[PDB]
Amino acid sequence: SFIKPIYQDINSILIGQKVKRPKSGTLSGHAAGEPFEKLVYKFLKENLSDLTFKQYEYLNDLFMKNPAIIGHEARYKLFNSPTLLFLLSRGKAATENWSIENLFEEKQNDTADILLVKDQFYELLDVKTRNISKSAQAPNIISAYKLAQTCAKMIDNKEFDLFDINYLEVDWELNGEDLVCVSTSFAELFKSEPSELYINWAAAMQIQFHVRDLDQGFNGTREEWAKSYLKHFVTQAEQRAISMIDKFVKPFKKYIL
Amino acid sequence: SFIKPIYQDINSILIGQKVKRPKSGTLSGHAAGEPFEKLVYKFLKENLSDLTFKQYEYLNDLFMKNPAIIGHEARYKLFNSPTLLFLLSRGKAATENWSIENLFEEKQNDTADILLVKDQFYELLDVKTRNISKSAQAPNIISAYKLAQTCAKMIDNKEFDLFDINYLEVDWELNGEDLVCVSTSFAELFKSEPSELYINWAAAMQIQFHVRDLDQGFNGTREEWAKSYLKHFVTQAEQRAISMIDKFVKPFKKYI
DNA sequence: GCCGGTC
DNA sequence: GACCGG
DNA sequence: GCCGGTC
DNA sequence: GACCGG
């Protein structure tokens, strides 16, 4: 983590800062603590000025920096890695269509919130904003499927030392008119026990967990994580297939005439 | 529908309205352009003051005009419909601890955006906003599971004419700084083919479709719709069960 | 006191 | 809540 | 058209 | 994206 060494420097500048309320609307989804994210980001951009990127912002550089490369075919070679490509790419049309006059913008599917790159190594930083003024279910963290596929690309292409998935939790509450932050937590994904990882099928098959509570007790290799998690995925997958007939079939097969 | 009769008047008032972009940043997800839903409530509230309600506003009004009744126990009995209950009611401890000094507020998963009750008949209206500047996928309309459980209750209790589930799609486009409505569409769920509905199992098991695309040529009866939806549901389920294995298992086993 | 459904 | 297609 | 993952 | 319990 390029952010870990300065986690403190970040935790401080955040806790206690007062931002305006989210358009005075539903503090839900992509509107909860938006401001904080831009906050954490601007911070890094000032501190880690040369390592800090925003997924798309990053892509636009990768391409702009290689002006002579046109056509999705060659541009996809600008990644120099299947796995990494899988996680940051934009699709045939979008890629082929790219241009200095048709720059990439923010997309809802974008994997990471912030990209920190240095020495052929990438840190995919994703922030989770929690309305601490209550106690809710575990937030969608990332796709179990996109995770499973990512692992497979890892094993195959054998890129066990390329990227890192880290989560920065930003707890905020509504103190008066502003949206103040009260706490912050950090955690590495591949530093967690994959067999523990909870996969909520309905919840967009996303694995869910509060950064704060995320277990960081894993002492194996990244190649071992990929392999173990992938096994975890398969079992739970089958398992859900079973629970799906019980819950969504049996009790209704009685109304089916 | 109580809206239907005046939809054309609504379409006129909604089309042309503008709303300032949230933080001017990324306008997508939950809060993408949903602030339009308010404009619907606002308008609906002025033209239909006595029917227009907010799910919570309706619940609070229900409890407010029954002071003699307290405790979740008796409170849930005020609905007089196991179905409406399941669809509208709030949580037990939430119902228990209710009072003017502590009213119901906006919950993220309330079944409806607007309630227009009238004469024991309920029309649970939902507003759906779309960024017309693109060809996005159909949005989540409502859980297939919740819909299923609702279809099962209509049966068991014979409530085949108590409520309705309609949808109002409101299309917009960015006009520089604020978003501006450019169209609208109204569709009833129970008037569509209970079997052609597409169940997106990954997306909260939601039923997805662009309101403008949904049909309205169901000539059968509510009881039939229900019986047919369940059949459709119970089948898709089995499918997803199979498919899930071929897409999330088969291709990965070569790694354990 | 884990578990997971819904906008 | 509502998003396009490496 | 049809299908369906993912913030 | 992020929400609790009819």
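Look a little higher up for the structure.
Residues numbered from 1 in each chain as written, not as in the entry; some residues may be left out. Chains lettered and ligands numbered in written order. Heavy atoms only, no water. Residues with missing side-chain atoms left out of burial classes, pairs and counts.

Caption draft 1: Molecular detail of the packing of aromatic side chains. Residue and element names in this part refer to chain B. One pass over the structure, following the stated rule, counts 38 aromatic pairs over all chains. Look at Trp201 and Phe233: their rings are 5.5 Å apart centre to centre, the planes differ by 55°, and that puts the pair in the tilted class. You can see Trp201 sitting in the loop between strand 8 (198-200) and strand 9 (206-208) and its partner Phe233 sitting in helix 8 (residues 222-248), a full 32 residues away along the chain. By relative accessible area, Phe233 is classed as buried at 0%. (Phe/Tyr/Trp six-rings, centres within 6.5 Å; stacked < 30°, edge-to-face > 60°. Helix = DSSP H or I, 4+ residues; strand = E, 2+ residues; numbered from the N terminus. Buried < 20%, exposed > 50% of the residue type's maximum accessible area, 1.4 Å probe, protein only.)

Caption draft 2: Molecular detail of the protein's contact with DNA strand D. Near DNA strand D lie 27 residues; those nearest to it are A:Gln108, B:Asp113, B:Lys134, B:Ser135 and B:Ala138. The protein-proximal atoms of DNA strand D, defined as those within 4 Å of the protein, are 54% sugar or phosphate. In this structure, B:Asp113 approaches DNA strand D through a side-chain N or O atom, which is 2.8 Å from a phosphate oxygen. Within the contact set of DNA strand D, a phosphate oxygen lies 2.8 Å away from a side-chain nitrogen or oxygen of B:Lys134. Among the elements that take part in the surface near DNA strand D, strand 4 (residues 122-131) of chain B stands out by supplying four residues, more than any other. Split into classes, the residues belonging to the surface near DNA strand D amount to six nonpolar, 13 polar and eight charged. (Near = heavy atom within 4 Å. Polar contact = N/O pair within 3.5 Å; in protein donor to acceptor, adjacent residues only side chain to side chain. Nonpolar A, V, L, I, M, F, W, Y, C, P; charged D, E, K, R; others polar.)

Caption draft 3: Up close: the sheet that holds strand 7 (residues 179-188) of chain A. All names here are of chain A. Reading across the sheet, the six strands line up as 1-7-6-4-3-2 and stay open at both edges, with mixed pairing between neighbours. Because the sheet does not close on itself, it has two edges, and the strands there are strand 1 (18-19) and strand 2 (52-53). Relative to strand 4 (residues 121-131), strand 3 (residues 114-118) runs antiparallel, the two sharing five bridges. Considered in strand 4, the bridge of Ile114 is made with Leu125. (Pairing = 2+ DSSP bridges.)

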